[PDB]
Amino acid sequence: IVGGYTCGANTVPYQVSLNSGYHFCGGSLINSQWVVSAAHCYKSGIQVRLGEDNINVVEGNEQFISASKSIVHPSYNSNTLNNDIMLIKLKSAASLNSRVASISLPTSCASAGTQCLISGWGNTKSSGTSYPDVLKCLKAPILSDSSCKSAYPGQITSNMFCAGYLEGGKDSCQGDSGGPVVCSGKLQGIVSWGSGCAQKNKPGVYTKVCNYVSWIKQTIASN
Ligand SMILES: Cc1ccc(C(=N)N)cc1F
Ligand SMILES: [Ca+2]
């Protein structure tokens, strides 16, 4: 997250870190057994880390649970990033409490102008590299479809939305991949892509979660 703020420990209780020896992606806990992330975060040997603030220090509220299965969306295209969404099932159920909690799926899609919270352990620099230990947060509005398409001609599908600031300076970034965009207490987006980070007229692009609620529910119901 570039141009954000320190969230505060366990203040984003649905935020997970995906770890394969090191943090490599975020994700969102959606029930005691399942995490939503980006398809571009797929790899084998994932350990889901819940209750994290400082990802380098065991602070006492963590739960570390290995994935039993990952399910990349059947229509994910890694070239275009269309349908950039994955489900990860935990080998055992997380213990839910104030600091480890699931986030609601949307009942309807969120409109341009809606204020959201984006979070992660990604790069905090737009030129250069600095990776934080503690969770970073950014408040950002959803942008209009027309402005999103103007920023990224030929690249925005019906399964994507832009959020952030056309002026630059505030954005998600590398390492935030797969993490949440939460608006009015609903998971509306997944950190997906963008050209660089926090660049003028190059806002963040996010997977449009509301398009996937049926798939998520029926996948969970049978897996
Ligand atoms: C992998 C990646 C690329 C760009 C952005 C962004 N500028 N929002 C975020 C990301 F997670
Ligand atoms: Ca920790």
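If you read the sequence from its start, that first residue is 1, and numbering goes on from there. Quick note: numbers below take in every heavy atom, side chains included, and nothing from hydrogens, waters or symmetry partners.
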Flag yes if [X] and [Y] sit in one hydrophobic cluster, no otherwise; membership is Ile, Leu, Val, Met, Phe, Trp, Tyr, and two members link when side-chain heavy atoms are under 4.5 Å apart.
X	Y	result
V205	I118	no
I71	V16	no
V48	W121	no
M160	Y152	yes
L50	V58	no

What I'd like to find out is whether the side chain of [X] reaches to under 4.5 Å of the side chain of [Y], using heavy atoms alone.
X	Y	value
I190	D84	no
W193	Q155	yes
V36	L87	yes
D176	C173	yes
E62	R49	no
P203	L166	yes
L117	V181	no
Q15	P180	yes

Minimal non-hydrogen separation, [X] against [Y], with atom names:
X	Y	result
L138	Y165	CD1-CE1, 4.5 Å
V2	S126	CG2-N, 4.1 Å
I220	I30	CD1-CD1, 3.7 Å
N123	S130	OD1-N, 2.9 Å
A67	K91	O-CE, 3.7 Å
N97	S95	ND2-O, 3.6 Å

Does [X] use its side chain to pair, donor to acceptor, with the backbone of [Y] at less than 3.5 Å?
X	Y	answer
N201	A151	no
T219	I216	no
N83	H73	no

Would you find more than 12 non-hydrogen atoms of other residues, nucleotides or ligands less than 6.0 Å from [X] atom [atom1]?
X	atom1	value
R99	CZ	no
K43	NZ	yes
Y42	OH	no

Go through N211 and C109 one step at a time and tell me if the side chain to side chain contact (heavy atoms under 4.5 Å, CB included) criterion holds. CA-CA 8 Å; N211 293 356; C109 304; 4.2 Å; yes

Let me confirm one number: the [atom1]-[atom2] distance from [X] to [Y], rounded to the nearest 0.5 Å.
X	Y	atom1	atom2	value
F161	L143	CZ	CG	9.5 Å
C148	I156	SG	CD1	3.5 Å
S68	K89	OG	NZ	5.5 Å
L90	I65	CG	CD1	5.0 Å
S184	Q115	OG	CD	9.5 Å
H40	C25	NE2	SG	5.0 Å

Can you check side chain to side chain contact (heavy atoms under 4.5 Å, CB included) on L18 and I88, steps first, answer last? CA-CA 10 Å; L18 306 183; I88 302 166; 3.8 Å; yes

With side chain to side chain contact (heavy atoms under 4.5 Å, CB included) as the test, would you mind laying out the steps for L105 and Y212 before giving the verdict? CA-CA 9 Å; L105 294 175; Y212 298 97; over 6 Å; no

Decide yes or no on side chain to side chain contact (heavy atoms under 4.5 Å, CB included) for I85 and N159, but give the supporting numbers first. CA-CA 10 Å; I85 187 171; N159 302 307; over 6 Å; no

Using only heavy-atom distances, determine whether the side chains of [X] and [Y] contain a donor-acceptor pair under 3.5 Å.
X	Y	answer
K69	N223	yes
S119	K136	no
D133	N56	yes
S172	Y206	yes
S17	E52	no

Among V12, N54, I55, which residue meets the side-chain contact (heavy atoms from CB on, under 4.5 Å) test with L135? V12

